[PDB]
Amino acid sequence: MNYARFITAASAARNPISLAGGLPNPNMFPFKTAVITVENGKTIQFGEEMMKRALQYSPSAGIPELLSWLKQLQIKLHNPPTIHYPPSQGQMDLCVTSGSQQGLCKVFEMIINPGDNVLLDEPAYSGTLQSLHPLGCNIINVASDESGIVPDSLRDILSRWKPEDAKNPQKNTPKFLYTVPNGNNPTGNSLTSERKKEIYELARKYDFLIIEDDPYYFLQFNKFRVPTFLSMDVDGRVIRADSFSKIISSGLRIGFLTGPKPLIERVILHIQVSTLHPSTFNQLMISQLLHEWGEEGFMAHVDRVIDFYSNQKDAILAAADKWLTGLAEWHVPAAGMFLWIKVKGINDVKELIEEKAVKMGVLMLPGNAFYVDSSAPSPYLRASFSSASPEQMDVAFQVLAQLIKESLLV
Ligand SMILES: Cc1ncc(COP(=O)(O)O)c(CNc2cc3ccccc3n(O)c2=O)c1O
Ligand SMILES: [Cl-]
């Protein structure tokens with residue numbers, strides 16, 4: 001594998017008793033000791049020495065024990081083929097980020113030169129669209145559905161090029177394909193094992209990278225979790241983004257990238273000149289807890305959380321059924337925390353949200369946000385079952401429905 005091709009010139013030009021130590025004196029920091037309790041788990045303690053560790057600078061790719069525990073999990077969950085490959089051949093490498101957004105952004109940054117082609121299915125994450133836009137890439141939209149990206153659409157799109165063209169600079173082959181394989185923001189649609197095989201196979205034929213942005217992986221209502229692109233990455237073409245935001249803490253800013261050693265190493269260098277490293281305090285906070293828990297301790301917690309949002313999914317749907325009677329259309333969310341609604345008989349919905357819905361104390365995101373062309377009208381809504389109560393959901397839909405009707409009288 002040649003990683004140099006997928007890389008931007010600036011990325012490749014990146015570069016890595018002691019008085020050398022450009023670190024401040026630890027004994028000069030005000031916060032002396034910490035005690036953090038955990039429900040259905042033990043108690044975390046940050047003693048004098050542990051606190052001095054937590055308050056001082058850290059490795060950059062992450063704290064050693066957080067990186068080891070995560071490495072163990074990535075193998076124990078995806079057993080990536082790349083595990084024992086030579087580094088140059090795309091050997092599996094991990095990297096702790098200050099949220100999964102840091103991982104993705106840095107990856108996009110290290111890949112995209114203005115003019116480069118990117119494969120992505122619309123509607124896609126606002127944050128990533130927002131990331132790629134200033135970057136200068138051409139987003140080629142790949143046709144999706146309830147089961148995700150249609151391998152056939154990707155198959156048709158790729159037919160523009162020849163499988164040899166990937167080797168040829170002068171031929172602008174797609175640098176990567178971007179997907180949310182489980183519970184896509186904003187649709188909530190998840191891919192299938194079959195389709196993923198077809199897509200990976202397509203990635204091989206046309207030789208492009210796959211950035212697997214999977215934050216709602218642990219939040220699968222599916223029962224037996226579907227195998228990942230990383231879990232099937234023979235070549236070493238997968239950059240996989242995991243998040244602790246949806247299960248452990250969004251505020252702590254601790255995410256984790258898993259991909260080929262050369263590519264991960266390219267992001268690590270960028271973070272060296274950007275944030276230096278993620279909060280050593282929070283990395284230790286996560287580490288210590290999920291260490292004393294174990295993989296069983298972790299999997300119990302994940303199950304506990306999936307069955308909360310399962311009822312939240314059940315709840316919002318039990319509401320949509322009641323109030324969106326036949327005023328809109330929706331797919332049962334596969335995973336994650338979003339319900340994606342198609343308001344029947346209306347071209348644009350943005351108006352009757354930030355002007356009609358808000359004044360009614362109900363607010364949910366218009367679909368416009370999830371498209372490259374934000375100007376073009378959307379009859380879509382993205383409703384979050386992450387927080388609102390069944391009562392709240394009921395009171396929310398009863399409003400929304402009212403508004404759907406008024407605009408139907410125009
Ligand atoms: C697919 C995908 N990739 C990356 C991220 C960010 O990952 P993180 O850093 O691990 O939390 C996200 C989080 N998505 C959202 C976050 C959010 C935060 C504040 C306010 C609104 C937010 N809305 O709207 C979101 O959808 C995501 O959906
Ligand atoms: Cl071309």
# chains A, B, ... in the order shown; residues from 1 in each chain; ligands from 1
>>> residues_near_ligand(ligand="ligand 2", cutoff="12 Å", atoms="only C-alpha atoms and all ligand atoms", output="list in words")
residues 115, 116, 117, 138, 158, 159, 160, 161, 162, 163, 164, 165, 166, 167, 168, 169, 170, 171, 172, 173, 174 and 175 of chain A
>>> write_last_selection(atoms="C-alpha atoms", output="PDB file, in the first residue's frame")
ATOM      1  CA  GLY A 115     -10.046  19.562  -6.356  1.00  0.00           C
ATOM      2  CA  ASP A 116      -9.966  16.047  -4.758  1.00  0.00           C
ATOM      3  CA  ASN A 117     -13.065  13.825  -5.059  1.00  0.00           C
ATOM      4  CA  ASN A 138     -15.792  17.693  -4.650  1.00  0.00           C
ATOM      5  CA  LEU A 158     -16.876   4.455  -9.819  1.00  0.00           C
ATOM      6  CA  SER A 159     -17.505   3.373 -13.510  1.00  0.00           C
ATOM      7  CA  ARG A 160     -16.355   6.964 -14.406  1.00  0.00           C
ATOM      8  CA  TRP A 161     -12.770   5.768 -13.764  1.00  0.00           C
ATOM      9  CA  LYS A 162     -10.658   2.636 -14.553  1.00  0.00           C
ATOM     10  CA  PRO A 163      -9.144   0.504 -11.683  1.00  0.00           C
ATOM     11  CA  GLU A 164      -5.654   1.404 -12.967  1.00  0.00           C
ATOM     12  CA  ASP A 165      -6.404   5.231 -12.688  1.00  0.00           C
ATOM     13  CA  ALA A 166      -5.819   5.135  -8.860  1.00  0.00           C
ATOM     14  CA  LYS A 167      -2.090   4.635  -9.644  1.00  0.00           C
ATOM     15  CA  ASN A 168      -2.188   7.546 -12.127  1.00  0.00           C
ATOM     16  CA  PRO A 169      -1.659  11.122 -10.858  1.00  0.00           C
ATOM     17  CA  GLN A 170      -3.580  13.054 -13.680  1.00  0.00           C
ATOM     18  CA  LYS A 171      -6.596  10.876 -12.894  1.00  0.00           C
ATOM     19  CA  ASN A 172      -8.558  12.243  -9.946  1.00  0.00           C
ATOM     20  CA  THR A 173      -9.817   9.056  -8.345  1.00  0.00           C
ATOM     21  CA  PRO A 174     -11.815   9.336  -5.079  1.00  0.00           C
ATOM     22  CA  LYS A 175      -9.424   9.839  -2.101  1.00  0.00           C
TER      23      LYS A 175
END
>>> closest_atom_pairs(of="chain A", to="ligand 1", cutoff="9 Å", atoms="only C-alpha atoms and all ligand atoms", output="CSV")
residue,atom,partner,partner_atom_place_in_ligand_line,distance
A:97,CA,ligand 1,9 (O),8.7
A:98,CA,ligand 1,9 (O),7.2
A:99,CA,ligand 1,9 (O),3.6
A:100,CA,ligand 1,10 (O),4.0
A:101,CA,ligand 1,9 (O),4.4
A:102,CA,ligand 1,9 (O),6.9
A:103,CA,ligand 1,9 (O),8.6
A:104,CA,ligand 1,4 (C),7.6
A:124,CA,ligand 1,1 (C),8.0
A:125,CA,ligand 1,1 (C),5.4
A:126,CA,ligand 1,26 (O),7.2
A:127,CA,ligand 1,4 (C),6.9
A:128,CA,ligand 1,3 (N),7.1
A:179,CA,ligand 1,1 (C),8.6
A:180,CA,ligand 1,1 (C),6.2
A:183,CA,ligand 1,1 (C),8.8
A:184,CA,ligand 1,1 (C),6.8
A:185,CA,ligand 1,28 (O),5.5
A:186,CA,ligand 1,26 (O),7.5
A:213,CA,ligand 1,1 (C),6.1
A:214,CA,ligand 1,1 (C),6.7
A:215,CA,ligand 1,1 (C),5.9
A:216,CA,ligand 1,1 (C),7.7
A:241,CA,ligand 1,3 (N),8.1
A:242,CA,ligand 1,10 (O),7.2
A:243,CA,ligand 1,10 (O),4.3
A:244,CA,ligand 1,10 (O),6.0
A:245,CA,ligand 1,10 (O),4.6
A:246,CA,ligand 1,11 (O),6.9
A:249,CA,ligand 1,11 (O),8.3
A:250,CA,ligand 1,11 (O),5.2
A:251,CA,ligand 1,11 (O),8.0
A:253,CA,ligand 1,9 (O),6.3
A:254,CA,ligand 1,10 (O),7.1
A:255,CA,ligand 1,10 (O),5.6
A:256,CA,ligand 1,10 (O),8.5
A:338,CA,ligand 1,26 (O),8.7
A:365,CA,ligand 1,24 (O),8.2
>>> atom_distance(atom1="atom CA of residue 150 of chain A", atom2="atom CA of residue 258 of chain A")
25.2 Å
>>> closest_residue(among="A:265, A:146, A:48, A:207", to="residue 93 of chain A", atoms="only C-alpha atoms")
A:265
>>> residues_around(residues="residue 335 of chain A", least_positions_apart="5", cutoff="7 Å", atoms="only C-alpha atoms", output="short mmCIF file (atom, residue, chain, number, x, y, z; two decimals) with N, CA, C and O atoms, in the first residue's frame")
data_model
loop_
_atom_site.label_atom_id
_atom_site.label_comp_id
_atom_site.auth_asym_id
_atom_site.auth_seq_id
_atom_site.Cartn_x
_atom_site.Cartn_y
_atom_site.Cartn_z
N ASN A 182 -23.50 2.89 11.27
CA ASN A 182 -24.52 2.57 12.24
C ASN A 182 -25.21 3.82 12.77
O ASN A 182 -24.54 4.70 13.34
N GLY A 183 -26.54 3.87 12.58
CA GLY A 183 -27.39 4.97 13.02
C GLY A 183 -27.00 6.35 12.53
O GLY A 183 -26.86 7.28 13.33
N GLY A 188 -30.56 7.78 10.91
CA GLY A 188 -30.58 6.66 11.85
C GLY A 188 -30.46 5.32 11.15
O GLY A 188 -30.65 4.27 11.79
N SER A 190 -28.60 2.15 9.32
CA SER A 190 -27.37 1.37 9.52
C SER A 190 -27.12 0.50 8.32
O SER A 190 -28.08 0.04 7.72
N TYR A 216 -22.12 5.90 16.99
CA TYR A 216 -23.30 5.22 17.55
C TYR A 216 -23.22 3.69 17.37
O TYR A 216 -24.24 3.01 17.13
N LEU A 219 -24.47 1.81 20.57
CA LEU A 219 -25.92 2.07 20.60
C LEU A 219 -26.67 1.38 19.47
O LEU A 219 -27.47 2.03 18.79
N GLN A 220 -26.45 0.07 19.29
CA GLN A 220 -27.14 -0.69 18.26
C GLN A 220 -28.29 -1.47 18.87
O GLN A 220 -28.09 -2.30 19.77
N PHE A 221 -29.51 -1.21 18.40
CA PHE A 221 -30.71 -1.91 18.87
C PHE A 221 -30.85 -3.30 18.21
O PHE A 221 -31.61 -4.16 18.69
#
>>> atom_distance(atom1="atom CA of residue 366 of chain A", atom2="atom CA of residue 340 of chain A")
10.0 Å
>>> select_by_dssp(residues="segment 130-295 of chain A", states="helix (DSSP H, G or I)", output="PyMOL selection string")
chain A and resi 130-132+151-158+193-205+261-274+280-295
>>> atom_distance(atom1="atom CA of residue 399 of chain A", atom2="atom CA of residue 325 of chain A")
13.2 Å
>>> residues_around(residues="segment 119-123 of chain A", least_positions_apart="2", cutoff="7 Å", atoms="only C-alpha atoms", output="ChimeraX atom specification")
/A:117,139-144,149,174,176-179,186,370-371
>>> residues_around(residues="residue 310 of chain A", least_positions_apart="3", cutoff="10 Å", atoms="only C-alpha atoms", output="VMD selection string")
chain A and resid 219 to 221 305 to 307 313 to 315 333 to 337 385
